[PDB]
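Here's a solo chain for you in structure tokens, the form deposited in one PDB entry.
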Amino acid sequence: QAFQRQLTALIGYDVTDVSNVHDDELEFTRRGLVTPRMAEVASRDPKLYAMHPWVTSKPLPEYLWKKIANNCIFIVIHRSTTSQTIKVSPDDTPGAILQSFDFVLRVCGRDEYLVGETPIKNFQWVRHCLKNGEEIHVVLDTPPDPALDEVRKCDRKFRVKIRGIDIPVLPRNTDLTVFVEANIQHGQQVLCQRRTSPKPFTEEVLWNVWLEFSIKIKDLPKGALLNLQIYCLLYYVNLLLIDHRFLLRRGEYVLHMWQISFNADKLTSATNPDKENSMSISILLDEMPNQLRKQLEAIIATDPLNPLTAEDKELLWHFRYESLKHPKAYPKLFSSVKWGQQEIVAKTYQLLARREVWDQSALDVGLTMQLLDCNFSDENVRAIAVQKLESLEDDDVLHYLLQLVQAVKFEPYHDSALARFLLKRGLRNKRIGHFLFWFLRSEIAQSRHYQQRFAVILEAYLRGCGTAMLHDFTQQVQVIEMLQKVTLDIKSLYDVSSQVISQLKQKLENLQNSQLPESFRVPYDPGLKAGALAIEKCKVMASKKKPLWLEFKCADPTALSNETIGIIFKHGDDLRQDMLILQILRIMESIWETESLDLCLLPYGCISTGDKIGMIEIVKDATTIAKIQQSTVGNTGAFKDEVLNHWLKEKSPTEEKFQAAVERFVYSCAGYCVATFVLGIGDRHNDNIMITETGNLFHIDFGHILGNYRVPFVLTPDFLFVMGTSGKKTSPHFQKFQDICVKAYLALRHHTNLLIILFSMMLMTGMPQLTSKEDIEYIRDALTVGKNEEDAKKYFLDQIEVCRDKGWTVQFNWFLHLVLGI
């Protein structure tokens, strides 16, 4: 019992609670997930699961090959005080290196292991070292005891009666009228729509009206939603017309509704938990011709957001067997399906049974993701997408985990192939499981629309993750809860007075002494194990949301460097938006990796842990672009061109390193101009832009520009100065920048459909305010869909020149708005 209690505290929600249900789908899902859990648990290798080797099967990039002398790679092994280097070949296994040198090779300071039958080059930690030009240091010790991971042992027209609506208290807006709109939805595609006669808007409105729809009962598709909405659009709520047992929903229902276009929340089957304040509604249920081929291929070629006309759909359907031969035609083909007709759906299933071309096609994530969005409610359609995902290596799963977790919001039922898939992969791998936990917990904490479903999924995971991880989560959760309290208490108290800096270090003193865990895993970096705080370095930050600047020691003695673990705790913004933006950045990098391109992005760790509150990784040796200018000229926005180049020469001791910084800067600057333009978040105040002492540029605080959402992006003259240019001039570096940009840009366009679906999904599940048809179709233009590589190339170069023609104009403007208040 104290176990289900522990689960509830780790989850942040009671999954056994049944106060907010009108059926047993949630409980049914708890039971159904048991099998999938035990199946994955009872078939994972204890040793490999305990050490969770982080590896990849992708080729080693060109830019990481040129980092290797010979077929040689050095690795420093450590034991007690002894310590020796070793010459290794990129292609030999960890076992080989051992005999070349029962113990195992663990990385210093990290809970990371170099184990398994894979080349030494196919490890992420090794590749990380090479990229950063770091040296691989491992300590030789015994493998973690796999025991520590032990797990606790019929032809009628459909009709619905609208009894009426009840609300305890209605807005002070006298006086208006209300009618109820009942839609039978599927995908976001409304099959049939009926309304009630308007009625005076009182706290109780009774119609007692039968709304007879055009669609026969037998023609109702599994997963179809009875969407009930109130107009003056004030309220909405949904009811699956066909339940989780293939039964036709029947009987009396009193649904509490959500108060207020492409938002995923509008899809939920969850009813509003707040029964005392929410609006309530009461209902009662009782050889193809040459030309046509071209036309079809042109249709199949268009982007995911390109709308299908009636003719387009009729064509796709009539030639469905020809369309079936094109995996890329699936999303559009299944959109051309009349789900409101049982005969058609039946034929669609007959079609799916002929999945030779699909089953054999190479995995296209962008394509797979499309079948998992709000446009598809059929579980058989969505199942083939999940099928293709099964072939993903744990490496790629981590890449798309966040948005796969978000895609669960588009599932009609709590129990889905997507859910079970995430459950399985999370249980198969500790790293995946770790992030799955936080991603789900993130949603469960600030999403009433989906907390129930995600809570049931999280519970299933926790019951199979193992004793060891359950303990880590417990420590991580405890720490986060304590620090959040401090961040809130501190926020309640401009300049960070002594009275507050004293209070902070004071509060931290109270916690550290006999309260906070002696050690905990860094949520955004599972390998790292944080120890005791360094109160001296801790401070409240000069931010309008008074974020905590915290620094910990590494609990790992074998750790090499003495550098502390820096974490920023912050309340005020929804960090989920930041997560999605940062995750996309990693996706853009992996993409660029396939092309062997390396823009030096810094997708720092960021984890949403609660309501408008989460933690951020502190990148070391970095400062604001604005701060580097506030030094030269403070109160006035008198930005000077050369200051940035000065700051670098200053921080780089050997002038050589300086040239390396100016290079790192040109790479990092191009990557952020391209990546930021595609995402339409490139117009930022230089306060939201930082640079490393090594010249690595990177944006920050993405939740800020998305919470209040004119130059294409930020290529200010001070950046240009570092590139050796001013005004009507060029360079050997600027040409380089313009060179890398067009490269980086053109490369992204080779994955247009992937970016589009991710961007679209990001907006619907993460940016509730940015959910219009126009908001989404921005990335189409940004990626200049359907354009020659030449045209596109020019398009971006125009964008660059527009930043030139602007100089400090917008920056200064930002200075007027943010800095002061104009």
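Here the rigid core means the biggest group of C-alpha atoms that line up within 1.5 Å when the two forms are laid on top of each other. Note that residue numbering begins at 1 and tracks the sequence as displayed.
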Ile705 dropped from a third or more of the other entries of this protein:
yes
Checking the other PDB entries that cover both flanking residues: does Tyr413 lack coordinates in at least a third?
no
Note how many residues of the deposited chain are left out of the model between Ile260 and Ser261; the options are none, 1 to 3, 4 to 9, and 10 or more.
4 to 9
I'd like to know the size of any gap between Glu518 and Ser519, counted in deposited residues with no coordinates: none, 1 to 3, 4 to 9, or 10 or more.
none
Averaging C-alpha B-factors over each stretch, which comes out higher, 176 to 184 or 402 to 410?
176 to 184
When the C-alpha temperature factors are averaged for each of 29 to 37 and 782 to 790, which stretch ends up with the higher value in the entry?
782 to 790
Per the deposited entry, the peak Cα B-factor within the set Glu551, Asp578, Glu379, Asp286 goes to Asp286
Going by the CA temperature factor in the entry, name the top one among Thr302, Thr309, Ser336, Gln630.
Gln630
For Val15, does the deposited CA B-factor place it in the lowest, middle or highest third of the chain?
middle
Consider only the C-alpha atoms of the modelled residues in this chain, order them by B-factor as the entry records it, and name the third containing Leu228: lowest, middle or highest.
lowest
For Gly251, the third of its chain by CA B-factor is the middle
So where's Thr271 on the chain's Cα temperature factor ranking, which third?
lowest
C-alpha B factor of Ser43, ranked within the chain: lowest, middle or highest third?
middle
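The protein also exists as the form deposited in another entry; that form is not presented, and the subsequent description refers to it.
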Conformational change between this form and the one not shown, one of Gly786, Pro768, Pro59, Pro36, C-alpha moving 2 Å or more after core fit
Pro768
Change in CA distance between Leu436 and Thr771 in the other form, which is 3 Å or more, as closer or farther
farther
